Amino acid sequence: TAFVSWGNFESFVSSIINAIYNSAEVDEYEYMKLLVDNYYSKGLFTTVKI
Amino acid sequence: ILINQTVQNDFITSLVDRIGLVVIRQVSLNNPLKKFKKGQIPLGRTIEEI
Amino acid sequence: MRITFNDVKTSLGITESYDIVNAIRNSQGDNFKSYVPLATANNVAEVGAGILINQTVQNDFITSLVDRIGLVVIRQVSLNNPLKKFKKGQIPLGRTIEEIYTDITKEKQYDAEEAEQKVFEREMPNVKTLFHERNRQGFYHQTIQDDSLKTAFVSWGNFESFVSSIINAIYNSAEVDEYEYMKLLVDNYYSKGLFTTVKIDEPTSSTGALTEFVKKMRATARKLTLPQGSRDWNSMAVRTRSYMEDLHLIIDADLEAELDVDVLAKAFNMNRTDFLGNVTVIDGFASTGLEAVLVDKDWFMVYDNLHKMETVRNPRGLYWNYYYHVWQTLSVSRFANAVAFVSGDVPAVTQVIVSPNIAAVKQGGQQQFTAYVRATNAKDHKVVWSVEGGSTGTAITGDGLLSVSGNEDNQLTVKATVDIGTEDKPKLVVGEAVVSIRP
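Rules behind the numbers
- Residues numbered from 1 in each chain as written, not as in the entry; some residues may be left out.
- Chains lettered and ligands numbered in written order.
- Part of a larger assembly, values for the part shown.
- Heavy atoms only, no water.
- Helix = DSSP H or I, 4+ residues; strand = E, 2+ residues; numbered from the N terminus.
- Rg over C-alpha atoms; globule rule 2.2 N^0.38 Å.
- Buried < 20%, exposed > 50% of the residue type's maximum accessible area, 1.4 Å probe, protein only.
- Areas by Shrake-Rupley, 256 points an atom, 1.4 Å probe, with all protein chains shown as cover.
- Core = buried A, V, L, I, M, F, W, Y, C linked by side-chain atoms within 4.5 Å.
- Contact = heavy atoms within 4.5 Å.
- Buried area = accessible area lost by both parts, 1.4 Å probe.
- Polar contact = N/O pair within 3.5 Å; in protein donor to acceptor, adjacent residues only side chain to side chain.
- Nonpolar A, V, L, I, M, F, W, Y, C, P; charged D, E, K, R; others polar.
- Salt bridge = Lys/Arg side-chain N within 4 Å of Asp/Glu carboxyl O.
- 1 Å grid on protein atoms, 1.4 Å probe; cavity = no way out; pocket = protein on both sides within 12 Å on 5 of 7 lines; lining within 4 Å.
- Points joined across faces, edges and corners; volume = space filled by probe spheres on them.
- Pairing = 2+ DSSP bridges.
- Axes fitted to C-alpha atoms, helices over the stretch in contact; angles between N-to-C directions.
- Parallel < 35°, antiparallel > 145°, perpendicular 65-115°, else oblique.

As documented in the archive entry, the model was determined using cryo-EM at 3.0 Å resolution.

Visitor: Whenever I open this one, the overall build of chain A confuses me. Can you help?
Guide: Each helix and strand in chain A was counted, giving one helix and zero strands. For chain A, whose C-alpha radius of gyration is 21 Å, the value lies well above the compact-globule estimate of 10 Å for 50 residues. Principal-axis analysis of the C-alpha atoms gives chain A an extent of 65 × 20 × 15 Å. A total of 50 residues make up chain A; the buried ones form 12% of that total. In the structure as shown, chain A presents an accessible area of about 4,400 Å², 62% of it carried by carbon and sulfur atoms.

Visitor: Help me understand the nonpolar core in this model?
Guide: Where a protein is soluble and globular, its nonpolar side chains tend to be buried together. All names here are of chain C. Ranked by size, the top nonpolar core spans 25 residues in total, and within it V186, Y189, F195, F285, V293 and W299 carry the most contacts. Of all the secondary structure elements, the ones that give two or more residues to this core are α3 (156-191), β8 (290-296) and β11 (338-343). If you tally residues by element for this core, the top one is α3, at five residues. Not counting the four nearest positions on each side in its chain, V293 is found in contact with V186, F195, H248, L249, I250, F285, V339 and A340. Core analysis: the next-biggest nonpolar cluster, separate from the first, contains 21 residues, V198, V214, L249 and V263 among them.

Visitor: What's the story with the interface of chain B and chain C in this structure? I'm lost.
Guide: Interfaces are often sized by the accessible area lost when the parts come together. Every contact between the two is made by eight residues of chain B and, on the other side, 13 residues of chain C. For the pair chain B and chain C, the summed buried area comes to about 810 Å², and 66% of that belongs to carbon and sulfur atoms. The largest contributions to the chain B side of the interface with chain C come from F11(B), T13(B) and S14(B), which together make up 55% of the buried area. At the junction of chain B with chain C, the criterion picks out three residue pairs in polar contact. In the side of chain B that touches chain C, the residues fall into four nonpolar, three polar and one charged.

Visitor: Teacher, can you tell me more about the interface of chain B and chain A here?
Guide: Contacts between chain B and chain A engage seven residues on the former and five residues on the latter. Here chain B meets chain A over a buried area of about 500 Å², counting both sides, of which 66% is carbon and sulfur. Counting the contacts that link chain B with chain A gives zero salt bridges. The tally of links from chain B across to chain A stands at two residue pairs in polar contact.

Visitor: How do you make sense of empty space enclosed by the protein when you look at a structure like this?
Guide: Sizing a probe to match a water molecule and rolling it over the atoms shows the empty space that remains. Residue and element names in this part refer to chain C. According to the stated counting rule, one finds one cavity of 30 Å³ or more in the structure shown. In this structure, the largest cavity occupies an estimated 50 Å³ of space. In terms of lining, the largest cavity is formed by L83, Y179, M182, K183, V186, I250, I282, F285 and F300. Sort the elements by how many residues they give to the lining of the largest cavity and α3 lands first, with four residues. Looking at the lining of the largest cavity residue by residue, the class counts come to eight nonpolar, no polar and one charged.

Visitor: Is there a simple way to think about the sheet that holds strand β18 (residues 401-403) of chain C in this case?
Guide: The strands making up a sheet are joined through hydrogen bonds of the backbone, oriented either antiparallel or parallel. Residue and element names in this part refer to chain C. Read from one edge of the open sheet, three strands run β14-β18-β17, paired in antiparallel fashion. Lying at the two open borders of the sheet, with one neighbouring strand each, are β14 (366-368) and β17 (395-396). Relative to β18, β14 is paired through three bridges, and the arrangement is antiparallel. Note that in β18 the partner of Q367 across the bridge is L402.

Visitor: How do you make sense of the packing of helix α4 (residues 207-224) of chain C against helix α5 (residues 253-264) of chain C when you look at a structure like this?
Guide: Angle between the axes and distance between the axes are the two parameters that describe a pair of packed helices. All names here are of chain C. Contact geometry of α4 with α5 gives a least axis separation of 11 Å together with a crossing angle of 110 degrees. Considering their axes alone, α4 and α5 lie roughly perpendicular with respect to each other. Counted together, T207, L210, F213 and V214 of α4 and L255, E258, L259, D262 and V263 of α5 form the full contact between these two elements.

Written as structure tokens, this is what we have:
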């Protein structure tokens, strides 16, 4: 009921799957950053004072 | 409905609902007394009856 | 009839600082000593600035003969508008434009035992919309009295050139107005507090302040284009990214000159200091604090609906009337990145954005709202949540979770408030969302 053209309907439909993949990529980046933060939190880095 | 207002679809509240059909009503009127009419007078103004 | 003028002086509308003739005459070793040997100094001085109204001058040898006009020059001018590359196509029919964006979702943990009873569980995607419409309708009117214009010219070339210049003036005026409208778009967007404000010290106070401006510009430009995206540079607070080839920075001429003379003429390897995005120089902004604006190409939503020109003739007055009608839509998109570099005293918090701005919930329903605070400093501010439905049993928690009363039917407004003022005079910044109720 929100569309009057099948092209717009399908174009809007595909964006949901695209958003799913974007969310997956963002979460992967966040996990990779959390690895470094956790390593520092456990005190296993070599700390140089600046 | 007199004077419509914007309506959002139930699945997604951001999208708005469109219109899918417009119809133009057409009527024709006639007068029933046209059978009592006489011809035309191209030139002149007055009719004399004797 | 015969329109004539009498006893008009050559000093029409002139306020002179000093009399140059008197300065030359009363010169004793002054800087005007070089003009003493000149013979026709007074004659040159009284006419050199130009004459506004001329009169008949008789020939100096034969009094009866009258001096004639030797040369006639007609000046032509063409004006354009720099911001024409940002215009979109045409809209023949309809009025409104709808823009739709969809955002990312969340993650859930794997649970085989829990999956037994939740196979058909559903959760809706996050999408939001923006709307634009036509808002400019204008016309330009010009009259031409060609038959009565013939006595002022002696050559058909001059007559045609004058008529063509009259015609071209309309297009020049249209171009000027279009430029002004598209500058007003940016001024209005800033005035409504929708830009992301970057607080600089001053572009003219000191070289340190100017190089700090350069550093902040480069940092913001880099931050705009990260591949993973961000939701800190747009008014709709959606996760989006930009591209360096699409970023446009608009500045003014005094800032450009300050750049060139201060941090480029003394900088070895100047490529480490110059501007990053595509640079456009305008004649400044009306707003007090604005100096530079960095936007995305898709920021502008300028379309045109009508461009036509129609003429009419007066058979009794013997003249033509030309009307040039222009209709346009002038709007901007809140889904694009838009940063404004502002120097001066700006508030700590510029705006608060509630991510679901339109919602619809059931009577026994719940809804989660998220508030984004656009702060110009590094201090973190806390929000307070409220609901103005008016009925008992409807309440919002301190984390933005709203629960609706089981028996009510009223429109609900959710309000997130931040206090940036001091005691006895609070300064509140308010973000609002609208909620509809289903039975």
